[PDB]
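4 protein chains.
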Amino acid sequence: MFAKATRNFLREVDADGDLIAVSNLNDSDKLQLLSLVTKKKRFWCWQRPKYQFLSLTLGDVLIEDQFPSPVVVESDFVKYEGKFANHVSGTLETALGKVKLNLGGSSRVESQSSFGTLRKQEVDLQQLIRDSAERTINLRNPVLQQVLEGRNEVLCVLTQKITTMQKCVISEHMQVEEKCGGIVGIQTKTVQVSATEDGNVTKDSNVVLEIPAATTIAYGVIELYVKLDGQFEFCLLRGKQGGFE
Amino acid sequence: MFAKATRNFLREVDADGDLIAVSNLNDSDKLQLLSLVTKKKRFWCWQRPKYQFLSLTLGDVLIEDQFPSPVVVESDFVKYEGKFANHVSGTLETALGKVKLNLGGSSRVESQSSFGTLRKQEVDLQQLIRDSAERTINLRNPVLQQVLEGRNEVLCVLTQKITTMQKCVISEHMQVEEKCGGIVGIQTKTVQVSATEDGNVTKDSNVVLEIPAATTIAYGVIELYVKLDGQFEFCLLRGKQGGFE
Amino acid sequence: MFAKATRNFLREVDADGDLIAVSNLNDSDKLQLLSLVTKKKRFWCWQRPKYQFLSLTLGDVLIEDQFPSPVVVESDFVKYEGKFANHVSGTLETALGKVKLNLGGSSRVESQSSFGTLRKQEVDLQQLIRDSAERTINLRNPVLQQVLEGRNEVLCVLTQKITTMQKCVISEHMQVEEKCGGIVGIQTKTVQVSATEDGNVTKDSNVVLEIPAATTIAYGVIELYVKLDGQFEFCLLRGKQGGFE
Amino acid sequence: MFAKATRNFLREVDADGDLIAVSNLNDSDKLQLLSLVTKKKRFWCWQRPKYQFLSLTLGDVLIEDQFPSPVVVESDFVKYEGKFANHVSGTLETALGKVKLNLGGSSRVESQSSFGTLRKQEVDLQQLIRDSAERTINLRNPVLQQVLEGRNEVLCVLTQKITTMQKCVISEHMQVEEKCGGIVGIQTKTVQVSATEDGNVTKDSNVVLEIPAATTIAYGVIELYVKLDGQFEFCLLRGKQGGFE
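Chains as they are written, first to last, in the entry's author numbering: chain C, 1 to 245; chain B, 1 to 245; chain D, 1 to 245; chain E, 1 to 245.
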C-alpha cells in the first residue's frame, strides 16, 4: 500500500522527520514545487498534522509583485530497496458473569517496497525569502478566507520534493485472520437459556501493484508567517512562522 | 462484482478517501469530466453519502456566462492487480425455553480484480474557480429545484476521474452456505407437541465477467457553495461548501 | 539506516567528538562549506545539541564588508569499512496483585556500513578569523532575529566537511520481535472475572539501500561569539564563543 | 580504532612519554611543524593533559620580529607491526534484601595496528631558542586572550612529528557482550509482588579501516614560558616553562 510504503521509506532515510510521506497516489499528482499547502495544528503530537493542498500557487497569490524565477537543482540519492514482513497477533479474552468472550486476531503484512533511483528537486531558499520579506502577497483573496477563519491551520509552501525515475514495485501481501467467539448463559426465572455465537473471518489481499515514474514520494514545506495586519515572511525556523493576528 | 472491485482498489491506493468508487457499470457511462453530481448529507458517518448524478453539466447550468474551456491532463498510474480471498463464517445458536434454534452460515468470496494501466484525467482547478467566483451560474433553473428543497443534499461537480485502458478481469467466486435448524417442543394441555424445522441452503455463484476499456473506476468531486441569495463558489476546502440559505 | 551509519563511523574515527554525524540524507545536501548553522544549548550533556541550518551563508550575512575568498584544501583518509551486528533482548515481567504482566522484546540489528574513499574539505581557519575580528557582520538582519530571541541557541559556521567519492553501501537488517502478555484476574463481588490479553508482534525490515557519491558524512563547525552590542569574533576555543548580551 | 592504535604504538616505542599520540584522524591534518598547541594543566596525573591546537602558527604570533627559517631533518625508524588481542570480562553480582542483581559483561578487542616506514621530522631546537630569547613575540593579540584567562592552560609549540609514508592498516575487531539480570521481590502489605527484568545485549563491530600516508602518528611539543610582563622563552626543561604572571 502506497501510504505504508513511503512512511517506512522516510522513516529509514529521513531521521529528522522534516520530510512528509505522500499519503496516496491521488496526492502524488497534486504536489508540485512551490505550490501552497496548509497544515492543521489543531491535532496534538499524538497525530500527524492534517495537510491539505490549495489549487493555487505562489504566483497565484502574490498579485502585489512579480514572480521570482525558481532555482531548481536536481540531486539523486537513496535509490533504496525495502522489504517489510510484519506479523501482528492480538487475542482478547474477557469473561464477566453470564457473558464469556474469546477473541483472536492474527494479521500478517508483507509489504515489499522496491524503488529506483530517487531524485530530489529543491528550490532556492534565498529566492523564497527575497519576495516574502517585501510587500509581495496581497492581504485579501477570494480564496484562503476559510484558512484565516480557523487560525489553527496555517498556509505553507512546498520547497523540497523527492521524485522517482523508474517504475517502482510495491508488492503488498495482507493476510488478516480474525476469530470471534461468544458463549452466553443466562439464569432466567423459569427459563433456562443458552446462547452461543461464533464468528470466524479470514481475509486475504494478495495485491501486487506497480508505481509509475515521476510520482511524488516525499515533500518538505517551510511555513508562512501570517499576520492579519498584512506582514508576511517565509521563515524556516520555529521563531515566527505559526501565524499571528 | 464491480462494486467490491473498485471499493477494494480505492482502499489500497486512495488512503485519504478523496476519490469515490463507482458503484456499478450503470454509473460507469454516466460519470464524465465536469458533469454535476449531488451528495445527500442526511446520512451520518456510518454510511457513505448518497451520490446522484444530474443529466445536466456545468455549461447546461451556467447560462449567465460562457463556458471556460477545460484543461484536461492525462496521467497513468497504479496499473495494479488485486486478489481478494475472503472467508466469513458466522454461527448463531439461541435457545429460549420451548424453542431451540441452531444457525450456521458460511460465506466464501474470492474476488480477483485484475486491472490494466489506469489513467487519471483531472481538470484545471483554476479554471474551476475563475467562472465560479463571478456571476456565472443562473439562480433559477427548471431542474435542481428538488435539490434546494432538501437543503441536506448539495450539488457538486466532478473534477478527477480514473479510467482504464485495457480490458479488465473481475473473476468473482461467491460460495454461500447457510444452514438453519429449529427444534420446537411445546408442553400443551392434554396435547403433546413436537415440531422440528430444518433448512439447508447452499448457493454457489461462479461468475467470471470481463470489464471493457474506457470504463470509469473512480471519480473525485469538489462541492459547490450554494447560497439561495445567488452567490456561488466552487471551493475545495471545508470552510464554505456546505450550502447556505 | 543513515543516522546510525555515520554515528558509528564518527565514533570509531573521531575519538574527540569535534565532528558531528549527518542525521539524514535530507541534511546531506544542505551542509556546505562556510554555511551557517545554529546549535541549541538548552539541552544538557544528556542529549546532543540541536543543530539547525540557516539557508543563508557568511556572505549573505556579512553585508558590511566583502567576502574573503576561501582556502579549500582536499584531503582523503579513512576509506573504512564497518560491520555492526547488534543484538538487544529485554524482558520485563511485572506482577502486582490482580494484574500479571509478561513482556519479552528481542531486537536484532545488523547494519553494514561500507564506504569508499572519504575526503575532507577544510577551509582556512585564518581566513575565518580575519574578517570576523573586523566590523564585517551587520548587527541587524531580517533573518536570525528568532536566534537572538532564545539566547540559548547560537550561530555557528561550518568549516570542516567529510565527503565520500564512491557509491556507498548501507545494508541494514532490522529484526524486531516483541511479545506482550497480560493475565488479569479480578475478585469482584458476586462476579467471578477472568481477563487475558496476549499480544505478539514480529516485525522484519530487510532494507539494503545504496548511498550516492558527494554525500556529506560529517561536518565540524566552530562557534560565533555574539554580543548584542555588535562585536563578533569566530573563535575556536571555549573562552568567548557562547554568545553574550 | 585510531586512538588506541597510536596509544599502543607510543607505549612500546616511546618509553619516556615525551611524544603524544594523535587522538583521531581529525587531529591528524591539523598538527604541523611549529604550529602552536595548548595543554590544560588543570587535570592531575590521573588523566592526560587536555591538548588543543590553535589555528595560528609561530609567524602568526611573532609580529615583533621576522620568522626564522626552520631546520627540518627527516629520519625514518620503527616501521613496526602491532597485533593486540585484548579480552576483558567483568561480572558484578549484587544482592541487597529485596533486590537481586546479576550482571555479566564480556568484551573482546582484537586491534591489529600494521604500519609502514614511519618518518620523524624534527625542527632545529637552536632556531627555536634564538627568536624566543629576544623580543620577538607580541604581548597582546586578538586571539590567545582566553588562554591567559585560565592561567592553568599554557601555550606550547610543536617541534617533533612522526609521519607515515605507506598506507597503514588498522583492522579493529570489537565484540561486546553485556548481560544484565535483575530479580526483584517485594513483601508488600496484602499485595504479593514479583518483578523480574532480564537484559541481554550482544554487540559486534567488525571494522577494517585503512589509513592513508602522510598522516600524523605522534607529536612532541616543548612548552612556552609566559610571563604577563612580556618576557617569553621556549625552554625544554622543567625549570621555567609553566607560565607566570
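Quick reminder that beta carbons are idealized off the backbone N, C-alpha and C, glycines included.
Buried/exposed call for residue i, threshold 16 Cβ in 10 Å
i: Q160/B; result: buried
i: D65/C; result: exposed
i: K4/D; result: buried
i: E153/D; result: buried
i: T164/C; result: buried
i: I186/C; result: exposed
i: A15/C; result: buried
i: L92/E; result: exposed
i: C45/C; result: exposed
i: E134/E; result: exposed
i: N26/B; result: exposed
i: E149/D; result: exposed
i: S205/E; result: buried
i: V221/E; result: buried
Residues bridged to residue i [DSSP beta-bridge criterion]
i: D27/E; result: Partner(s): none; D27/E has no beta bridge.
i: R119/B; result: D76/B and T163/B
i: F84/B; result: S205/C and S111/B
i: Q52/C; result: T38/C
i: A95/B; result: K100/B
i: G105/C; result: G90/C and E178/C
i: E149/D; result: DSSP lists no partner for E149/D.
i: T136/C; result: Per DSSP, none; premise fails for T136/C.
i: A5/C; result: Note: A5/C sits in no beta bridge, so no partner.
i: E12/D; result: The partner list for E12/D (beta bridge, DSSP) is empty, contrary to what the question assumes.
i: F232/B; result: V226/B
i: residue 296/B; result: This structure leaves residue 296/B out entirely; chain B is present only between 1 and 245.
i: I20/B; result: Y219/B
i: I63/E; result: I137/E
Inter-residue CB distance, residue i and residue j (contact presumed, cutoff 8 Å)
i: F53/E; j: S28/E; result: In fact, because the Cβ distance is near 11 Å, the residues do not count as touching under 8 Å.
i: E12/C; j: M1/D; result: 5 Å
i: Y219/D; j: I20/D; result: 6 Å
i: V123/E; j: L33/E; result: 6 Å
i: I129/D; j: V143/E; result: 7 Å
i: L31/E; j: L158/E; result: 6 Å
Cβ shell of residue i (< 6 Å), same chain only, five flanking positions each side left out
i: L62/B; result: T136 and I137
i: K227/E; result: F244
i: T215/D; result: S28 and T164
i: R108/C; result: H87 and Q175
i: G230/B; result: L139
i: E177/C; result: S106 and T202
i: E172/B; result: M1, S111 and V207
i: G182/C; result: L101 and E197
i: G90/D; result: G105
Nonlocal neighbours in the same chain, by C-beta distance under 8 Å from residue i, ignoring five residues either side
i: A95/E; result: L101
i: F43/E; result: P49 and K50
i: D76/D; result: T117, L118, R119, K120 and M165
i: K167/B; result: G116, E210, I211, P212 and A213
i: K98/D; result: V184, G185, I186 and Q187
Nonlocal neighbours in the same chain, by C-beta distance under 7 Å from residue i, ignoring five residues either side
i: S132/C; result: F232, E233 and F234
i: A195/D; result: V184
i: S113/D; result: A5, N8, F9, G82, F84 and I170
i: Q127/C; result: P68, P70 and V71
i: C180/C; result: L103 and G199
i: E223/D; result: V154, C156 and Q241
i: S23/D; result: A3
i: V147/E; result: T38, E153 and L155
i: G59/B; result: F67
i: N141/D; result: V61
Residue ranges of each beta strand (DSSP E) run of no fewer than 3 residues wholly in the segment 155–230 of chain B, ordered along the chain? 168–184, 195–211 and 216–226
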